[PDB]
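So this first bit is one chain, no partners, the form deposited in one PDB entry, shown in structure tokens.
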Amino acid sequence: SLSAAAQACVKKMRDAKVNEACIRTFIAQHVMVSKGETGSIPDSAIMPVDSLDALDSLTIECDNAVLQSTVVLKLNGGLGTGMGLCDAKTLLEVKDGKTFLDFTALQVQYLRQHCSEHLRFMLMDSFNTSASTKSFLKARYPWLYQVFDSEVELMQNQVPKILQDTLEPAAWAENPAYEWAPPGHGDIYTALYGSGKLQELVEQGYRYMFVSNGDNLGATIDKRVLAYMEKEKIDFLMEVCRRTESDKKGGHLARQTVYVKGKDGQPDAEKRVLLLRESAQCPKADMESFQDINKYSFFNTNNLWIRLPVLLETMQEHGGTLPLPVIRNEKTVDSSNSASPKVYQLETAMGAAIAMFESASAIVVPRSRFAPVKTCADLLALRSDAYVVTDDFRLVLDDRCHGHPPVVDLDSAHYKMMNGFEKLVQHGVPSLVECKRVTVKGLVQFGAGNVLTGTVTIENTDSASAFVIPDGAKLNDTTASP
């Protein structure tokens, strides 16, 4: 029996024609929250993972059948609020004249010309990113546009922001659209299930799905992963990378120990269960432990593989939902206005599913399968010569980097927003391939042919005047300033 508040959310969602699966999923989360669940996973409750197989040790590729039964999906429904974006992040340029969307399509095309001509490709969009994405494909990749509605787009759900006190759905007279928020990428399972698409794919013979973030262009299908999954009989596989200094926004792997006292005579059998802990799930006042890349050295790339029939059946047996651990995000109904009421926005992360299948597992993969873009600082790295384009169109770190991406640090006051960062490279993107660390303090502007090497800091202590770096400049292990 639901409290009045929960019942009000259900009513609001029904009135707005929200899919039943999404409502059941959101409500179970609301029940948790009402009982005290904050979403936090304390350090005392988890332990490090010390042993995982490595993709580098694999060699056998899957058979044609298995490959043909694999669907590719790219997440594309988030906001780049932190980077001051207002539309799909994937529409931003990555290399001269090419956007994330450009390289994604080229990737699909390449696989359709080489691996499987009928490769099923999908994009999960939000209503905020849907139209922009469709129009881009229509003008640039018509072969994708023509089947956009039929097979490519998965529309994520929308859930109501709830008042922090009573947990009642919040109202915003000025702009009611602000009463709804995306539910996190963890919503993919729910949307796949509720729309009937998950069932449809399984009916058509699809058995696996390879999902990855829209910002990560180093991720494509590796037939060795499929063979490994087939053999080891794994239903869910998370690709994790050895954590570097640059991995601060995202989640890390961890384990807990479960005791399965199975059998007569045989004793306490210990069973390691894995789980994901997003930055937002670390108690705010214990963040340094989440930040210690030695304690938790396995960082989630969000390159996930899921066996569709199994996902479908476990959701069916569980009331038609995937009970992922809730993440309680705090904000105000009108993100911009801090005078607006405080609210909780319940979300889930796609990788949290690793805790939902008995045979779930993780695999360490090389850094080439992970080129993240969470900040403008990451965008700088991706744009610089540090990253290169492969033949199958993935963006990978240059060989000279040794799996070590440049540690970029830009003054949050001038470059956190895309408008600020865009003026920083207005005159050209500095070569960073031979650069291990570059920091920029104060207002600065790169000139053309700028080449950094070793550890380079650029200080503009002056402030009131943009320190414009000369053209052809060359900065090696130094601190350049006016």
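The numbering used is simple: start at 1 and walk along the sequence shown.
Between the stretches 216-224 and 79-87, it is 79-87 that shows the larger average CA temperature factor. Judged by mean Cα B factor in the deposited record, 241-249 ranks above the other of 241-249 and 150-158.
Note on the listed residues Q426, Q29, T59, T70: the highest Cα temperature factor in the record is that of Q426. Listed residues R140, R277, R369, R328 were ranked by CA B-factor as deposited; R140 comes out on top. The deposited CA B-factor of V258 belongs to the highest third of values across its chain. Among the modelled residues of its chain, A16 has a C-alpha B-factor that falls in the middle third according to the deposited record.
The deposited CA B-factor of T314 belongs to the lowest third of values across its chain. Ranked against the other modelled residues of its chain, the C-alpha B-factor of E270 as given in the entry falls in the highest third. Residue-level temperature factors show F393 in the middle third of its chain, judged at the C-alpha atom.
The form solved in complex with a small molecule exists for this protein as well; it is not shown, and the discussion that follows is about that form.
Residues of just one listed stretch (100-108, 139-147, 192-200, 366-374) have heavy atoms within 4.5 Å of the small molecule in the entry with it bound: 366-374.
Within this chain, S340 is remote from the site of the small molecule in the entry with it bound, having no heavy atom within 4.5 Å. At a distance threshold of 4.5 angstroms between non-hydrogen atoms, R242 is in contact with the small molecule in the entry with it bound. Interface membership of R400, defined by any non-hydrogen atom within 4.5 Å of the small molecule in the entry with it bound, is ruled out. Proximity of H404 to the small molecule in the entry with it bound falls within the 4.5 Å heavy atom cutoff. In this comparison between the shown form and the other one, the chain bends at a hinge between two rigid parts; from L452, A170, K74, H414, that hinge is at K74.
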